[PDB]
Amino acid sequence: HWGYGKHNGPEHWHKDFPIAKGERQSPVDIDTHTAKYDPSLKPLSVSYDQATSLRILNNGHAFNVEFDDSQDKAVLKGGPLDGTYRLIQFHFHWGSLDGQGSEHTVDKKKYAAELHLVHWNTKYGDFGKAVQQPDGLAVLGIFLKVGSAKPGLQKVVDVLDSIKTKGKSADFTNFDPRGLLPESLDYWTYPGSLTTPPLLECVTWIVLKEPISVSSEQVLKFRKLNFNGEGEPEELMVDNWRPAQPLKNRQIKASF
Ligand SMILES: CC1(C)O[C@@H]2[C@@H](CO[C@@]3(CNS(N)(=O)=O)OC(C)(C)O[C@@H]23)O1
Ligand SMILES: [Hg+2]
Ligand SMILES: [Zn+2]
């Protein structure tokens, strides 16, 4: 099945999921000189105060921190979004080296990693129905570079030991995703897709301009995770990012 290697990676995905070559695929390169300030964009509202994390899971591609999305606790609204989007989970994409790892790029620049905070449009009742809608999801994207430690990330780092291999999960309650944010909420936005199979074209992407910095030791711990299950040959979980896809006449709008 699908992964990120030579034989099952981004270049093969289209065979099982023809939408891979679709009209609004993600990620994309953000050409900063072609992006335009949009005065019609409302203030962005990230409201994570009452967020209820549940567990962390190595799903064989990355690790997911999942949240209780059974009420309006952690929600995204404003910016390009109409209505209320509920936080369901977050995950990262990272590289084998610091000069690669992000999915979106900024004037072709690749960051060390990218954090995706995944939200679903509450007018659709559940996540599963949302992903049948052109405006079903909103993903907040945050670039990571290597510098000083991100204190709000350490609790995630410290648990990766426990979820090394595919299928492993750990309790991960009382984690506050507010500690993963940069100070500015300046962003670019464009309509796009899930960056993994089934590559559904259901996402409003909101990609923050300001990266967070994480330490070299924090990134190294991401890179110790495994793509394989327990008792199988070791395949380090690195380079689990899809490259930039054709913009196809979409417009990337800037909030700033
Ligand atoms: C870690 C990874 C790749 O991302 C997780 C899961 C499968 O895909 C996602 C969405 N991926 S993304 N990158 O936000 O478009 O869709 C769901 C919501 C199923 O979980 C996300 O595994
Ligand atoms: Hg869709
Ligand atoms: Zn992602």
# chains A, B, ... in the order shown; residues from 1 in each chain; ligands from 1
call {"tool": "residues_near_ligand", "arguments": {"ligand": "ligand 2", "cutoff": "7 Å", "atoms": "only C-alpha atoms and all ligand atoms", "output": "VMD selection string"}}
result
chain A and resid 131 to 136 200 to 202
call {"tool": "residues_near_ligand", "arguments": {"ligand": "ligand 3", "cutoff": "9 Å", "atoms": "only C-alpha atoms and all ligand atoms", "output": "MDAnalysis selection string"}}
result
chainID A and resid 62 90:93 103 114:118 139 141 194:196 241
call {"tool": "closest_residue", "arguments": {"among": "A:82, A:101, A:37, A:17", "to": "residue 123 of chain A", "atoms": "only C-alpha atoms"}}
result
A:82
call {"tool": "closest_residue", "arguments": {"among": "A:122, A:96, A:240, A:52", "to": "ligand 1", "atoms": "only C-alpha atoms and all ligand atoms"}}
result
A:240
call {"tool": "residues_around", "arguments": {"residues": "residue 36 of chain A", "least_positions_apart": "5", "cutoff": "7 Å", "atoms": "only C-alpha atoms", "output": "PyMOL selection string"}}
result
chain A and resi 252-254
call {"tool": "write_last_selection", "arguments": {"atoms": "N, CA, C and O atoms", "output": "short mmCIF file (atom, residue, chain, number, x, y, z; two decimals), in the first residue's frame"}}
result
data_model
loop_
_atom_site.label_atom_id
_atom_site.label_comp_id
_atom_site.auth_asym_id
_atom_site.auth_seq_id
_atom_site.Cartn_x
_atom_site.Cartn_y
_atom_site.Cartn_z
N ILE A 252 -3.19 32.17 -4.35
CA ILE A 252 -2.84 32.17 -2.93
C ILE A 252 -3.00 33.60 -2.43
O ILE A 252 -2.50 34.56 -3.02
N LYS A 253 -3.73 33.74 -1.35
CA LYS A 253 -4.07 35.04 -0.81
C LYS A 253 -3.26 35.22 0.47
O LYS A 253 -3.09 34.27 1.20
N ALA A 254 -2.78 36.44 0.71
CA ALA A 254 -2.09 36.78 1.98
C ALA A 254 -3.00 37.55 2.92
O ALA A 254 -3.72 38.42 2.47
#
